[PDB]
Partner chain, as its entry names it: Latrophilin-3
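Just one chain is shown here, as structure tokens, and it is the form solved without its partner chain.
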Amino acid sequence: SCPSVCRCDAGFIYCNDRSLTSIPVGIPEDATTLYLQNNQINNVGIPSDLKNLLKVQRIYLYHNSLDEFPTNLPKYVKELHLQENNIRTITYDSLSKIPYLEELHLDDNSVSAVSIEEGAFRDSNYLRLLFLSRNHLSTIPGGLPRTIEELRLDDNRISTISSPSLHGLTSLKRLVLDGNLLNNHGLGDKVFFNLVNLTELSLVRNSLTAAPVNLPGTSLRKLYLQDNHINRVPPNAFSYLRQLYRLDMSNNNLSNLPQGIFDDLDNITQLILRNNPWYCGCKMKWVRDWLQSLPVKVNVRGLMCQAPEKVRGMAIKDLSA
């Protein structure tokens, strides 16, 4: 039942790390897992008798010679790994050919905003986990199904986010937008407000000049704004976030905080504000009284004076005038 080069055992077919250019024509009728990882298999190397396999559920095709989205894939593919390859073309035809698809992997690929077909993902409503990280995507695609729970777009070329692109995704929980050229104007006017089930949001290493407003405080626990150029934070930005557990704002251009900003945060435990040139004067004296009243279980780190030079390297909670 098994080929000469590739070796299989009770539905688990291991053809991996054998320097194969094309998949073997014959595979056992009854299968569960198919390993084609770390090989030289290209888009043309896929045989015609691959779609005939019904029992298959998970295929590992990462680190291969794929140029576009694979064709003639099996009728049932729950888990599909298409990472570390040169995939550029993702059309409606190749994606709709797989009626059942729970999770799709697309890490370290040459996928852009214009490469994807307009409303391609809208057909397959089984998608829950989608990873579009380490790609050349200029913007988040509009056509996406509501069933997505986890979405990752880290280390991309995203500059602007369109409004109807993220609207409608009710069951979305995690959204990662790291290593992008996203500014305060580039980010949607209202784009996170509708995401009610959103728990984790990451905006690490972006061109953001200020903290965004209209954030959902229904399920959000972790908010990441690390390695940004945030100068001023409005009082409405952290307001209503009564369920926020962690707040990381390391490496930012913040100098002074306005009165009544962390008052709405009730479930707050972590308040990271490291690498910030804080100006310790008279207008921000409210922070001194705030830190000595509640922060016992709540920890505020990196909140030290940088201006003036006389009181540099000292905590606001210990200082008094």
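C-alpha atoms forming the largest set that superposes within 1.5 Å between two forms make up the rigid core. Positions refer to the first chain, counted from 1.
Heads up, the form deposited with its partner chain bound isn't pictured, but that's what we're talking about next.
Asks: State yes only if every one of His136, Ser162 and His185 has a non-hydrogen atom within 4.5 Å of its partner chain in the entry with it bound; otherwise state no.
Replies: No, the candidate spot makes no contact with its partner chain.
Asks: Name the residue from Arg242, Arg174, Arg157, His229 that puts a heavy atom within 4.5 Å of its partner chain in the entry with it bound.
Replies: Among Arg242, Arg174, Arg157, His229, a heavy atom within 4.5 Å of its partner chain in the entry with it bound occurs only for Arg174.
Asks: Closest heavy atom of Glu102 to its partner chain in the entry with it bound, within 4.5 Å or not?
Replies: Although its partner chain is absent here, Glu102 would stay clear of it in the entry with it bound, with no heavy atoms inside 4.5 Å.
Asks: Any chance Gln40 has a heavy atom within 4.5 Å of its partner chain in the entry with it bound?
Replies: Outside the cut-off, so no.
Asks: Although its partner chain is absent from this view, report whether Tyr62 comes within 4.5 Å of it in the entry with it bound, heavy atoms only.
Replies: Although its partner chain is absent here, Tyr62 would touch it in the entry with it bound, with heavy atoms inside 4.5 Å.
Asks: Answer for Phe238 alone: is it within 4.5 Å of its partner chain in the entry with it bound, judged on heavy atom distances?
Replies: No, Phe238 is distant from the partner.
Asks: Given that the partner is absent here, state which listed stretch (106-114, 208-216, 229-237, 185-193) has heavy atoms within 4.5 Å of its partner chain in the entry with it bound.
Replies: The contacting stretch here is 106-114.
Asks: Hey, which residues along 1-16 are within 4.5 angstroms of its partner chain in the entry with it bound, non-hydrogen atoms only?
Replies: Going through 1-16 in order - heavy atoms within 4.5 Å of its partner chain in the entry with it bound - the hits are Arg7, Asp9, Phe12, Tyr14, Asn16.
Asks: Align both forms on the core first, then report whether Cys6 has a C-alpha shift of 2 Å or more between the shown form and the other one.
Replies: No, because once the rigid core is superposed, the C-alpha of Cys6 moves less than 2 Å between the shown form and the other one.
Asks: Superposing on the rigid core, is the Cα displacement of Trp278 between the shown form and the other one 2 Å or more?
Replies: Indeed, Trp278 is displaced by 2 Å or more.
Asks: Checking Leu294 here: with the core superposed, does its CA move 2 Å or more between the shown form and the other one?
Replies: Yes, shifts by 2 Å or more.
Asks: What direction does the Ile316-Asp248 Cα distance move in the entry with it bound compared with the shown chain, closer or farther, given a change of 3 Å or more?
Replies: The answer is farther, because the C-alphas of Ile316 and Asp248 separate from each other in the entry with it bound by 3 Å or more.
Asks: How does the CA gap of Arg232 and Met314 change in the entry with it bound versus this form, closer or farther, if it moves 3 angstroms or more?
Replies: Between the C-alphas of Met314 and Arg232, the gap widens in the entry with it bound (3 Å or more compared with this form).
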